[PDB]
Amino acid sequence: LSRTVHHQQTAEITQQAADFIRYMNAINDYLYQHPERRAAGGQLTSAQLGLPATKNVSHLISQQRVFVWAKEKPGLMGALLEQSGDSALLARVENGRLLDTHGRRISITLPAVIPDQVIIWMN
């Protein structure tokens, strides 16, 4: 007997977007309060975010900008937009390049530790 329920892609992206937005907002709020933290790099902690560890959203502060990202899936962009009232300003990483949502290169050098095929927020 396998009890596994397959094909839960929409449920998965719904929760991935909610997690992304939760972490994004917590990171954004902390750095808005404490802009001097940008210079140090690395990551904010679980205590600073008030959120425990998570497996489906990653972040990094580099060259005083913060980057938050998740593995791209069909409709994940639309779910992020839905759950942010169309307000999140998002981008993509493809072949080591930052692309806007219309696929045009944004000529910033990305940290080398961000993977391809993610949706990303840089702020």
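Just count from 1 along the sequence shown to find any residue number.
Higher average CA B factor: 109-117, of the stretches 17-25 and 109-117. 97-105 and 7-15 differ in mean CA B-factor, and the higher of the two is recorded for 97-105. Based on the entry's C-alpha B-factors, the most elevated value among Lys55, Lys73, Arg65, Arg37 belongs to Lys55. Sorting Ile61, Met77, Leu51, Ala91 by the CA temperature factor given in the entry leaves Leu51 at the top. In the PDB entry, a CA B factor belonging to the highest third of its chain's modelled residues is recorded for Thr45.
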